[PDB]
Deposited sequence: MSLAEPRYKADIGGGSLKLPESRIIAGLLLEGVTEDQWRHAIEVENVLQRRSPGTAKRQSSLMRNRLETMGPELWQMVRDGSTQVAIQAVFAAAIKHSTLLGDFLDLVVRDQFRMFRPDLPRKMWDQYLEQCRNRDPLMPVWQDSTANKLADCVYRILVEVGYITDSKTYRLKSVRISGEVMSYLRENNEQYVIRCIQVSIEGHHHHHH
């Protein structure tokens, strides 16, 4: 299936993502990964959300994990954003096919009907595709608030040169196209 709902499990959540990026950079066995999250309680609380944040980062490599763990607030959040895009065609295609064209308006906005109608299109496009839907929409817009794209008025956001260099150097065509749409 082209579009899946996994992205709805949680927004970028930088603080937690930094801890997970640490664990990725240290190197632990899978059993130890689960122990650190669930028993040692490294996130200071469950399981599904941490799997998502990890699955997101594991689409990318140590260089970007190091950015998440060590970088400034904006650099780290944007690296997490790129990972979220790579992990989710549903998010990436929202950016690519809807958000990008909105920035053609004067005073671009992104009202919820636009998400609704995008989902209508996604269904059309993917023959293999309530409470989940609502949490889903909320999560996508929260991501966009976190990165700074969102009156539902849209604003342009400059992706850090450090993140963009990583993406170019790693051939991340699709993330590149979706991450910068302003």
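- No alpha-carbon coordinates exist for the deposited sequence positions 1 to 5, 51 to 55, 140 to 143, 165 to 168, 201 to 209, given here in order along the chain.
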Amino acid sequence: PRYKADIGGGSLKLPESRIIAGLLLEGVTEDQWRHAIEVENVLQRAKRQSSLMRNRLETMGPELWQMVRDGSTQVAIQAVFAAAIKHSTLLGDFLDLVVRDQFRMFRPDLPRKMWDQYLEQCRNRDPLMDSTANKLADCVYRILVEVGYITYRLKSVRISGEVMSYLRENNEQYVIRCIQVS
From here on, numbers count along this sequence of modelled residues.
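- Relative to one another, 152 to 160 and 52 to 60 have unequal mean CA B-factors, and 152 to 160 is the one with the higher figure.
- Legend: mean Cα B-factor per stretch from the PDB entry, 93 to 101 versus 69 to 77; the higher mean is in 69 to 77.
- Per-chain ranking of the deposited C-alpha B factor places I143 in the lowest third.
- Remark: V28 belongs to the middle third of its chain, ranked by C-alpha B-factor as recorded.
- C178: CA B factor lies in the lowest third for its chain, per the PDB record.
- In the deposited entry, the Cα temperature factor of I37 sits in the middle third of values across the chain's modelled residues.
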